[PDB]
Amino acid sequence: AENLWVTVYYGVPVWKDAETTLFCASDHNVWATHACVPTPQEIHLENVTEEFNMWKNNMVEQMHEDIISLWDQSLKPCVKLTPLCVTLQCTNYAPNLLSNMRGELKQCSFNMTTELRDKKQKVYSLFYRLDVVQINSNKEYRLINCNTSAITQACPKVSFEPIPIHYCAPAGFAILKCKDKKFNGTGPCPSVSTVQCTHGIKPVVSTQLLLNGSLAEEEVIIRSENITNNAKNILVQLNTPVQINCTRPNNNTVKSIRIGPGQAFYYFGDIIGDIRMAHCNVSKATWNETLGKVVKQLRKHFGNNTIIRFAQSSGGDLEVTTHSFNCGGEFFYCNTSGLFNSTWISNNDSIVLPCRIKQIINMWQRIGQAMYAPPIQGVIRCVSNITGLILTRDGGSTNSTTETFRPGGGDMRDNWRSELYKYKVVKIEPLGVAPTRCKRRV
Amino acid sequence: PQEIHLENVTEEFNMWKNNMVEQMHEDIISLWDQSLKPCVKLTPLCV
Amino acid sequence: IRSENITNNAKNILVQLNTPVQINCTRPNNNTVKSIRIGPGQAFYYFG
Amino acid sequence: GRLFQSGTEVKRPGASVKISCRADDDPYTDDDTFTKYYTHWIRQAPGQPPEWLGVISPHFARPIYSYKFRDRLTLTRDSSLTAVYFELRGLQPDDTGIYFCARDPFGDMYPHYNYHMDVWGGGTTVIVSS
Amino acid sequence: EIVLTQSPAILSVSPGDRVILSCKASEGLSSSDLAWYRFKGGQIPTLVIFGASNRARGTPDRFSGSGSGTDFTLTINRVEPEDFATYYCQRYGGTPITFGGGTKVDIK
Amino acid sequence: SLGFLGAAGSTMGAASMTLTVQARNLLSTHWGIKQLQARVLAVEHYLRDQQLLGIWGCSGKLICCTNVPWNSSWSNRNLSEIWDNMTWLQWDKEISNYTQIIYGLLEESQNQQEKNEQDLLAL
Amino acid sequence: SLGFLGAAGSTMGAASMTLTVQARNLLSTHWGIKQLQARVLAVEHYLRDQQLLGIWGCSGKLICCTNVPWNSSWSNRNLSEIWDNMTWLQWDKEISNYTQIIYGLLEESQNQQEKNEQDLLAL
Amino acid sequence: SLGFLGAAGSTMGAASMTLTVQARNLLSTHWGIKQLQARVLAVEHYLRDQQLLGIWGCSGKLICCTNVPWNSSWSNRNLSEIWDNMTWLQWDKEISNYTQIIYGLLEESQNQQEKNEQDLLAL
Ligand SMILES: *[C@@H]1O[C@H](CO)[C@@H](O[C@@H]2O[C@H](CO)[C@@H](O[C@@H]3O[C@H](CO[C@H]4O[C@H](CO)[C@@H](O)[C@H](O[C@H]5O[C@H](CO)[C@@H](O)[C@H](O)[C@@H]5O)[C@@H]4O)[C@@H](O)[C@H](O[C@H]4O[C@H](CO)[C@@H](O)[C@H](O)[C@@H]4O[C@H]4O[C@H](CO)[C@@H](O)[C@H](O)[C@@H]4O)[C@@H]3O)[C@H](O)[C@H]2NC(C)=O)[C@H](O)[C@H]1NC(C)=O
Ligand SMILES: *[C@@H]1O[C@H](CO)[C@@H](O[C@@H]2O[C@H](CO)[C@@H](O[C@@H]3O[C@H](CO)[C@@H](O)[C@H](O)[C@@H]3O)[C@H](O)[C@H]2NC(C)=O)[C@H](O)[C@H]1NC(C)=O
Ligand SMILES: *[C@@H]1O[C@H](CO)[C@@H](O[C@@H]2O[C@H](CO)[C@@H](O)[C@H](O)[C@H]2NC(C)=O)[C@H](O)[C@H]1NC(C)=O
Ligand SMILES: *[C@@H]1O[C@H](CO)[C@@H](O[C@@H]2O[C@H](CO)[C@@H](O)[C@H](O)[C@H]2NC(C)=O)[C@H](O)[C@H]1NC(C)=O
Ligand SMILES: *[C@@H]1O[C@H](CO)[C@@H](O)[C@H](O)[C@H]1NC(C)=O
Ligand SMILES: *[C@@H]1O[C@H](CO)[C@@H](O)[C@H](O)[C@H]1NC(C)=O
Ligand SMILES: *[C@@H]1O[C@H](CO)[C@@H](O)[C@H](O)[C@H]1NC(C)=O
Ligand SMILES: *[C@@H]1O[C@H](CO)[C@@H](O)[C@H](O)[C@H]1NC(C)=O
Ligand SMILES: *[C@@H]1O[C@H](CO)[C@@H](O)[C@H](O)[C@H]1NC(C)=O
Ligand SMILES: *[C@@H]1O[C@H](CO)[C@@H](O)[C@H](O)[C@H]1NC(C)=O
Ligand SMILES: *[C@@H]1O[C@H](CO)[C@@H](O)[C@H](O)[C@H]1NC(C)=O
Ligand SMILES: *[C@@H]1O[C@H](CO)[C@@H](O)[C@H](O)[C@H]1NC(C)=O
Ligand SMILES: *[C@@H]1O[C@H](CO)[C@@H](O)[C@H](O)[C@H]1NC(C)=O
Ligand SMILES: *[C@@H]1O[C@H](CO)[C@@H](O)[C@H](O)[C@H]1NC(C)=O
Ligand SMILES: *[C@@H]1O[C@H](CO)[C@@H](O)[C@H](O)[C@H]1NC(C)=O
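Top to bottom, those sequences are chains K, R, G, H, L, J, Q and C.
According to PDB author numbering, the residues represented by the first sequence are 31 to 57, 66 to 77, 81 to 140, 149 to 185, 187 to 309, 312 to 321, 321A, 322 to 398, 411 to 505, in order.
For the second sequence, PDB author numbering assigns the number 81 to the initial residue and increments by one for each residue that follows.
According to PDB author numbering, the residues represented by the third sequence are 272 to 309, 312 to 321, in order.
According to PDB author numbering, the residues represented by the fourth sequence are 2 to 35, 35A to 35F, 36 to 52, 52A, 53 to 82, 82A to 82C, 83 to 100, 100A to 100H, 101 to 113, in order.
According to PDB author numbering, the residues represented by the fifth sequence are 1 to 27, 27A, 28 to 107, in order.
According to PDB author numbering, the residues represented by the sixth sequence are 519 to 546, 569 to 663, in order.
According to PDB author numbering, the residues represented by the seventh sequence are 519 to 546, 569 to 663, in order.
According to PDB author numbering, the residues represented by the eighth sequence are 519 to 546, 569 to 663, in order.
Structure representation (structure tokens):
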């Protein structure tokens, strides 16, 4: 009985780190829910440790491709907007207006082909300031993204609201889920669970903020890789949601035209009402309390007497120096610089943010391809939660007491790293090896 | 060919509910446009 | 040498040499290349 | 393969310089190089060690400056996804030297999350006198 | 701020031996964020090594080097006439990054 | 009665009776080829483990016995410290670099068993 | 000598000698993805039934025996009225709602036959 | 210690000990559908041979014994000339036309053993 022999065991709870292919499960149309597996049933584990680590996972980098391929699939069979690149005779609509909106809302006229190729059609439309570029009385403007890209009109039948989907694993793989109250990026998890697939993950597109995301526990927690390093973004997560309200009070008109045989084009009509500017309202008291709470949370890493100073953005393109999101089918760009005022020392109104509208957008830097945004008829409103901010800090010398913090980011994976941080794909192996006193017969 | 006859067995046969007459209707319309993809698009005829 | 049939003059005769012999050729013109934009998003590189 | 920057411009004290560092020279090209790769700009004075000047991210051209050259350095790219620029206002007779632009993944790629400047491009010279 | 210094500033060697390019760090480098560059006067400064010890694409078998903590060494196997040029080491981490001063090899 | 992967943090002496909850779940447009790639990989990963257990004389069993002696160079641990304290995850990390020889050593115990029985059956 | 699915209407006592023709036929552009799904689905449907028979001690057999007793609450019929008058189609409809409780009960008889045989072989 | 397909020209009496190296290597964009068909074809070709060996009472074994006698009409060679002189490639060409009758005669020996064992175990 002393001479031990080796035995193999089938169906043994042991796993390894591996990457695999996740599929969709979610239960007119949207970009995602067209062909997915119809869907809880969790299993809790006890006193087993696991080294959870984000920013090196294989789930936030597969989703970054599974979102852009799904976006290209919803943009391929639509109408290709080739003949729009003509000379646009374009002047200022609503002249001598003493309001703020002066440079935008330009009226341009151009020729467009119809179903009969020998005949043309003169059409009138309104385009924003970020949609027309002058080229060398009325001036002759052209499109913004024509000389380096080919714009395609998006399909008006599909919608752009984020339907919550689930990334689900096949047989042989599992998803470890950390169920800790406080949990930073890299480290052990005291209580894990084995899940097939997760809760509602909203694939919302947003920069400089985290709209309609998952909530947190009773305390605000910050997350970074090596936060003394000022190169990685700081993914904070608020404990209570703060609401932002913005509408578009100009009454819209959407007019239809036929550019060719079988195709269609929905363009901007007139404005029947008042020429106003869209603006997002936030409550000042709870936002100031949230800023004080996240400053008190961030003060646990840099001592007591260090002056934390919130500042505005650095610059670059429009998707970092402003905040961009998607409301109902329209893409907004608001400056949000009224939320990062003067600094913080230890010893009933509403804040408005001016927000503009750009039709031609270019998401995920697809060179050679661009999408057109059709207008939405009527007044459209959007109320949104804010669960999480995107902050980064700068460097400095040794004698520096004013630690600055600017809202940057811009990475689309950071919006999916605040909702897939507590999940980890894992591959189980059913072959176990153990010695015992057993011996087979002859 | 190669049929197999059966005895002493009854089966509840029912048309207008089969999944074969609704799969063929999709397989025909999915094969109709496949023979029109490499052909010429008749775009500039509408004069 | 290799063929399907030696007495059949319809099939090709593939020979294989024992030593590699070199062959050199250049294009001695400078052949500058110019570009033009043929439409939205495309490109056209023509002869200079 | 290699990056391309041009310019042998002389300058006067009180002006601004513009250095463009492009990848694949033909202008109508879609390299996609300025798309998933960070880009470092590095100055070097003759007889002096090279110092860091500024990195630009490939996500939406969000720049990260240093504290020495903060208030007088703007850099971004145009509407096309090539040809990042370098505008250094508030000149001085101290920064006379060569300039370099290098491609760097900066730990954002899929294999191994490395930290290396795999290719440097050209190297222009900026002098200033009166 | 971590200052990066190099004590062998002037070096001279014959073609066909091993040379040691040492570098001292200030306070506790992370042993995975360091790079070496081969500079020259009016040429293209290329990279020779990744991190601690990992070769690049255009790097032969004769280039290597290791080190951890605050000391980092570059160990060239053999000396070629196409390698007599100055070398510059750099680190990563918090902005701004700082180079390692400067060293130079020579023929004698 | 623990569930799928329920005894992963338990003792190896207590996890040897719940081997069926992990052995029965190994088999159970853009997404047209995404869902098809997993149904081949899972079947291949199940069939590889079924082929590895078929050439050891353990095809159809969960806890089988072999004639290969356990060497002391792989692990110097006794019986009272493995099946009473260690879990199945801590034991796999100790013999992780010895899997490629034992899987060879389990092969020669098969061909030396089927041959020496074969001439026993020809008499 | 009946053929594939030839004894589907015969007696269960006479259809137990022709189980081989139903167990050997389980494995034997627009149409590029249509034909590929069937070769995955048939392999998966065969491997599911092969996995369900491998964890019951019946891997490699057709008519095996178990230790689970037959409860009288499922059916009150005797041996003389099942294997002499009823076919398999009339028998499958009578215990169609008791399949999920037998398939678990056949599982716990495996480890109970595997654990008690383990320590008997360790002596 | 020969390798994969190393004993292909060797003696059948000497190649019967190296049956492990051939039984373990059966499992291990334009090219997106080209690589997907090959794994499905390999899985089907492995599962067909695993199904043919599972209905003969030889599941999990490499060298098994059957009850079907060897007819003299298939080959008139003795034992001293098959396992000493001939290889497997020269032996497969001699019974290349008598495969489907041996494959049919091997199927009834499973049922004629299983029914008798079921009648013996019912007492
Ligand atoms: C973060 O999350 C929050 C969630 O809290 C998001 O906020 C919501 O965002 C959605 C975006 O889709 C908003 O939905 C839109 O609401 C529009 C306003 O309609 C409301 O007012 C009318 C007034 O009569 C009510 O009737 C509506 O009630 C409807 O819903 C209830 C639900 O029970 C039904 O019972 C009713 O019968 C109504 O059906 C709303 O309260 C609304 O117009 C809009 O609907 C258009 O689009 C859909 C989808 O395409 C069409 O099916 C529909 O017919 C509408 O179509 C328009 O365009 C076509 C173009 O041809 C025209 O022909 C039509 O006439 C019409 O003009 C849509 O449903 C929602 O209001 C909003 N708030 C709340 C509290 O839910 C944030 O957006 C999100 N932030 C992000 C993602 O950044
Ligand atoms: C994140 O970045 C920080 C800052 O670079 C890293 O901390 C550094 O860690 C090293 C050890 O790997 C420390 O070096 C040690 O220094 C002491 C003397 O101070 C010496 O006695 C030791 O033998 C060792 O060399 C270094 O001091 C430390 N730097 C700071 C500022 O604390 C850290 O490793 C990085 N990674 C993480 C947190 O995962
Ligand atoms: C967002 O708001 C800020 C603050 O109002 C704007 O910053 C102004 O920028 C101009 C440009 O030179 C300065 O002359 C002003 O002094 C700045 N304002 C203040 C109060 O300092 C900024 O332009 C706005 N827009 C964007 C896109 O950031
Ligand atoms: C494509 O068109 C855009 C829009 O005009 C060009 O962007 C402008 O380029 C000029 C070059 O003299 C700059 O002065 C402007 O500041 C640019 N406008 C911006 C950045 O909004 C772009 O250069 C064109 N691309 C070409 C010709 O390749
Ligand atoms: C974990 O919990 C189980 C019961 O829940 C217990 O038997 C076991 O000893 C525990 N392990 C440790 C290391 O405490
Ligand atoms: C449309 O074409 C006619 C043809 O001559 C031209 O006169 C007119 O100016 C064009 N329209 C615009 C807006 O340029
Ligand atoms: C995460 O939190 C734990 C708990 O205090 C701590 O030990 C660990 O160092 C933290 N890791 C990081 C990267 O902040
Ligand atoms: C925003 O909209 C919500 C919707 O109910 C409303 O309760 C709230 O008063 C509005 N204003 C602010 C400042 O939150
Ligand atoms: C924000 O909250 C703090 C609470 O510490 C309070 O002192 C301060 O007056 C509030 N308002 C502003 C504008 O900071
Ligand atoms: C900063 O102040 C808080 C007050 O609660 C204290 O707990 C903490 O220890 C202080 N930080 C340092 C580094 O002393
Ligand atoms: C923030 O508010 C203060 C209050 O007076 C104001 O002075 C400052 O200009 C504001 N910040 C911005 C960016 O407008
Ligand atoms: C906008 O214009 C339409 C056009 O008929 C009108 O019916 C509607 O009342 C107007 N106002 C709003 C708020 O939609
Ligand atoms: C914001 O969060 C609260 C928290 O429960 C939720 O009730 C509300 O619906 C959220 N608002 C949204 C999703 O617009
Ligand atoms: C060609 O021939 C030379 C010398 O005959 C040889 O060195 C070389 O490897 C050959 N192949 C190629 C591709 O140059
Ligand atoms: C079918 O039923 C008849 C009488 O009902 C019986 O004689 C016969 O054996 C049964 N089976 C077949 C295969 O005909």
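A virtual CB, placed ideally from N, CA and C, is assigned to each residue, including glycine.
Original post:
Using a beta-carbon distance cut-off of less than 7 Å, what residues from the segment 162-178 of chain K approach chain R?
Top reply: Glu164, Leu165, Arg166, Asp167
Subject >> Cβ-based contacts, 8 Å cut-off: residues of the segment 453-468 of chain K near chain L >> reply: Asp457, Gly458, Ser460, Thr461
**OP:** Can you say whether K:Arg456 is buried or exposed, counting buried as having 16 or more other CB atoms within 10 angstroms of its CB?
**Re:** buried
Original post:
Should K:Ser388 be listed as close to ligand 3, given that the test is whether its C-beta is under 8 Å from any heavy atom?
Top reply: yes
Subject >> Among C:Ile635, C:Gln653, C:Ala541, C:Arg617, nearest to J:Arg588 - alpha-carbon criterion >> reply: C:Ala541
**OP:** Mind listing which residues have their beta carbon within less than 7 Å of any non-hydrogen atom of ligand 9? Chain order is fine.
**Re:** K:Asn339, K:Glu340, K:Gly343
**OP:** Take every Cβ of the segment 68-88 of chain L, pair it with every Cβ of the segment 451-468 of chain K, and state whether three or more of those distances are shorter than 8 Å.
**Re:** no
Original post:
Any C-beta of chain H sitting closer than 9 Å to the C-beta of K:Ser209?
Top reply: no
Original post:
Near K:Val208, which residues of its chain fall below 8 Å by C-beta distance, leaving aside the five closest residues on each side in sequence?
Top reply: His66, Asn67, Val68, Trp69, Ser115
Original post:
Taking Cβ-Cβ distances shorter than 9 Å, what residues in chain Q pair up with K:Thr499?
Top reply: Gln658, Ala662
**OP:** Within its chain, find whatever has a CB closer than 7 Å to the CB of K:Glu83; leave out the 5 residues flanking it on each side and keep chain order.
**Re:** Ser243, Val245
**OP:** Decide if K:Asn185 is buried, meaning its Cβ has at least 16 other Cβ atoms within 10 Å, or exposed.
**Re:** exposed
Original post:
Should J:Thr529 be listed as close to ligand 5, given that the test is whether its C-beta is under 8 Å from any heavy atom?
Top reply: yes
Original post:
Can K:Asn295 be considered in contact with ligand 8, in the sense that its beta carbon sits closer than 8 Å to one or more heavy atoms?
Top reply: yes
**OP:** Can you pull the chain J residues whose beta carbon is under 8 Å from the beta carbon of C:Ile603, in chain order?
**Re:** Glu654, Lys655, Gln658
**OP:** Identify, in the order they occur along the chain, each residue of the same chain with its Cβ nearer than 6 Å to the Cβ of H:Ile89, setting aside the five sequence neighbours on each side.
**Re:** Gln39, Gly106, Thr108
**OP:** May I ask you to report which of helix, strand or coil DSSP gives K:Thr77?
**Re:** coil
**OP:** Kindly indicate which residue of K:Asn289, K:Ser447, K:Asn300, K:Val505 has the alpha-carbon position closest to the one of K:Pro438.
**Re:** K:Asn300
**OP:** Please specify which runs of the alpha helix (DSSP H), each continuous and at least 4 residues long, are wholly inside the segment 599-655 of chain J, giving them in chain order.
**Re:** 628-632, 639-645
**OP:** Determine, using beta carbons only, whether R:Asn88 comes closer than 9 Å to chain Q.
**Re:** yes
Original post:
What did DSSP end up calling R:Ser110 once you bin it into helix, strand or coil?
Top reply: helix
Original post:
Is there at least one non-hydrogen atom of ligand 15 closer than 8 Å to the beta-carbon of C:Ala533?
Top reply: no
**OP:** Tell me whether the beta-carbon of L:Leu11 lies closer than 9 Å to the beta-carbon of L:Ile48.
**Re:** no
**OP:** Starting from the beta carbon of residue 568 of chain J, find every residue of chain C whose beta carbon is closer than 7 Å, and list them in chain order.
**Re:** No atoms are given for residue 568 of chain J, which sits in the stretch of chain J between 546 and 569 that the model skips.
Original post:
Comparing alpha-carbon positions, which option in H:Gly15, H:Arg3, H:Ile20, H:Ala16 lies nearest H:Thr9?
Top reply: H:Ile20
Subject >> Spatially closest choice to Q:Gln630 from R:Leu86, R:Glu91, R:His85, R:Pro81, by CA coordinates >> reply: R:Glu91
Subject >> Residues in the segment 276-289 of chain K having any Cβ partner in chain L nearer than 9 Å >> reply: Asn276, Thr278, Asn279, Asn280, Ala281
**OP:** Say yes only if the C-beta of K:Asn160 is nearer than 8 Å to one or more non-hydrogen atoms of ligand 6, and no if none qualify.
**Re:** yes
Subject >> Three-state secondary structure (DSSP) of K:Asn67 >> reply: strand
**OP:** Please list the residues of the segment 629-645 of chain J that have a C-beta atom closer than 8 Å to any C-beta atom in chain Q, keeping them in chain order.
**Re:** none
**OP:** Indicate whether K:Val489 and K:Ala224 have their beta-carbon atoms separated by less than 9 Å.
**Re:** yes
Original post:
Going by the CB atoms, is the gap between C:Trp596 and C:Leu537 shorter than 9 Å?
Top reply: no
**OP:** Please list the partners that L:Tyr86 has in chain H, where partner means a Cβ-to-Cβ separation under 9 Å.
**Re:** Going along chain H, no residue has its Cβ under 9 Å from L:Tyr86, so there is no contact; the nearest lies around 12 Å.
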